[PDB]
Every structure is written in structure tokens, then in C-alpha cells.
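**Q** experimental structure and sequence below.
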Amino acid sequence: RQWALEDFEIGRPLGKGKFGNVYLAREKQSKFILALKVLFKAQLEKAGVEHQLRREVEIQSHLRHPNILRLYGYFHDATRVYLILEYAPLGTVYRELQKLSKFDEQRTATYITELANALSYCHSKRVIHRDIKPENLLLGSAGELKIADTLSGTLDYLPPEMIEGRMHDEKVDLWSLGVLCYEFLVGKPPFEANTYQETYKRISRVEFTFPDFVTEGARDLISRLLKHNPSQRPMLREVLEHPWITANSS
Ligand SMILES: COCCOc1ccc(Nc2ncc(Cl)c(NC3CC3)n2)cc1
């Protein structure tokens with residue numbers, strides 16, 4: 001079964017995004033509340049992402065999980081493309097991260113625990129994320145996490161394998177998991193530069209430092225999650241189980 005724009009009431013705008021926007025919405029028959037993404041053809045077919053759209057849509061469509069934002073369906077109108085998403089009633093993780101300095105140890109750890117379950121499961125559907133970052137980590141009405149998937153974007157997030165030219169198997173997500181578990185605890189991603197240029201130089205060689213206020217326990221996890229050669233990085237089992245993790249993961 002498919003859908004149409006008239007089926008929904010286009011309420012208030014949630015985020016003034018990239019390819020268009022995302023709005024609050026409700027299906028009339030069902031009275032079901034959700035988020036709706038209006039993005040134009042004339043937008044994606046004008047950087048080239050025309051195919052790579054309908055691509056990851058289905059990649060997502062068959063997928064279901066509690067720390068993964070569901071897609072409920074999709075469709076197109078006169079001009080544009082529409083994405084019928086889960087609604088995450090507590091906004092972006094970013095929204096929270098800015099409004100606070102950083103996250104307290106307990107909170108960070110639970111956000112990582114959840115991101116494991118969701119990737120550990122996601123690694124068994126033969127799907128990898130590249131750029132999972134907190135512009136798109138959302139919170140459910142119970143306050144817990146929900147992933148919502150030379151010039152490109154900031155790359156504080158992509159591993160050295162994604163920019164040296166090397167191969168990128170399924171242990172990408174461990175890099176990202178470290179980078180984030182850092183950001184959550186420190187305030188900035190650990191490869192912040194004001195030029196793309198150092199950022200590149202600083203990732204390839206793994207160049208970062210920890211403020212005083214970081215437990216040796218965190219530095220321990222982060223350190224062994226941020227390794228140049230993907231080989232030496234743990235399976236996501238070792239992670240969920242890691243000492244510092246399960247000490248304060250609510
Ligand atoms: C003081 O600021 C008020 C907070 O405003 C909110 C913004 C966003 C949500 N949740 C939300 N749910 C689902 C999606 Cl798909 C989505 N998309 C995000 C925009 C990319 N955002 C809730 C509240």
C-alpha cells in the first residue's frame with residue numbers, strides 16, 4: 001500500500017534541513033503522529049543523488065529497531081519526494097549537546113550501549129553506516145536514542161580508511177562509535193580543526209588529546225576504539241561488555 005500528501009496534515013516545521021525540510025504530521029484516518037520529509041526532485045537530480053535516494057530508502061525500508069528511526073513508507077508528487085518517518089519527540093542529540101556543555105558519564109555510556117545494539121544488529125543485516133553523527137541522532141518520547149540516516153562536508157567523523165584510499169569493511173562503525181563517545185563526553189569531536197586540511201592530517205595519524213576531566217576508563221575505551229588499522233578494533237560484543245561501559249550505563 002502506498003500514499004499521498006492530502007492524506008496528512010502538514011503541521012509545524014521540525015528542522016530547516018539540507019535538501020528541503022522536515023515537518024510534524026498526522027495521518028487522517030489513523031490519527032497517527034509522525035514526521036514527514038518533503039524533499040524536491042529538482043534538488044537531488046541536481047547534485048546527482050537521484051538514484052542514491054531511492055537506494056537507501058529501501059535499504060532503510062525493510063529495517064526495524066528501537067534505537068533506529070523507522071520509515072513508515074515513501075512517495076512523490078508534482079515536484080518532490082516524501083519520507084514518512086518515525087517521530088522523535090525530543091529533537092536532535094545535538095540540540096541537547098549544545099544546550100549542555102557535554103554529557104555526564106552515565107548518559108554518554110547509555111547512548112553508546114544503545115548505538116551498539118543498533119549497529120551490532122545492523123551489522124547482521126549486511127548494512128554499514130559511514131557518517132553516523134549527532135546531527136542525526138534523535139530521542140524517543142522516553143528520552144533514548146534513534147539513528148536516522150575534493151569538497152563534500154566536514155569529515156571529523158569518517159575513519160582514516162575512508163580518506164587514505166584503503167578498504168572499508170564493517171569495523172568502520174567502531175571508529176565512529178569512538179569519535180562519538182568522545183564528543184558526548186568532551187564537547188567537540190576529537191579531530192576538530194578550522195581547516196579541512198589539518199583535520200585530514202590529524203585523522204590519518206590519530207592526533208587527539210583528553211582533558212583532565214576524562215576517567216582513565218573512558219580514555220581506555222576511546223583509545224582502543226580509535227585505531228588507524230581497523231584490525232586492532234574490537235567486535236561490538238567487547239564494547240557492550242567493556243568495564244567503564246557497564247559501570248554507569250543506566
Ligand atoms: C527548542 O527547539 C525545539 C525542538 O524541536 C524539535 C526538533 C526535532 C524533533 N524531532 C524530530 N523527530 C523526527 C525527525 Cl525525522 C526529526 N528530524 C530532525 C530535524 C532533522 N526531528 C523534535 C523537536
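**A** It's in. Numbers count the residues shown, from 1 in each chain.
**Q** just give me how far the one helix or strand residue 107 maps to sits from the chain centre.
**A** Using DSSP states H and E, residue 107 sits within helix 105-120. Its chain's C-alpha centre and that of helix 105-120 lie 12 Å apart, by CA atoms, centre = their mean, to the nearest Å.
**Q** before we move on, what about stretch 195-215?
**A** 20 Å.
**Q** surely residue 87 is in a helix?
**A** No: Residue 87 is assigned coil when assessed by DSSP: H, G, I helix; E, B strand; the rest coil, not a helix.
**Q** that one against residue 36, yeah?
**A** No: under the criterion of CB atoms under 8 Å, residue 87 lies out of contact with residue 36, with a separation of 9.2 Å. Every residue, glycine included, has its C-beta placed from N, CA and C.
**Q** find the residues that touch each one of the two.
**A** With contacts taken as CB atoms under 8 Å, 6 or more residues apart in numbering, residue 87 and residue 36 have residue 24 as neighbours in common.
**Q** paired strands for the helix or strand that contains residue 35, with orientation please.
**A** Secondary structure assignment for residue 35, by DSSP H and E: strand 32-40. Strand pairing for strand 32-40, determined by DSSP bridges: strand 20-27 (antiparallel), strand 80-85 (antiparallel).
**Q** may I have it as CSV, with CA atoms only?
**A** This file holds the C-alpha atoms of strand 32-40, laid out as CSV (Å, rounded to 0.1, in the frame of the first residue of the first chain):
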residue,chain,number,x,y,z
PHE,A,32,-1.2,8.6,13.8
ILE,A,33,1.5,11.2,14.6
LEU,A,34,4.8,11.1,12.7
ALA,A,35,7.5,13.2,11.0
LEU,A,36,7.3,13.9,7.3
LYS,A,37,10.3,14.9,5.0
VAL,A,38,9.5,17.0,1.9
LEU,A,39,12.5,17.0,-0.5
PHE,A,40,12.3,18.1,-4.1
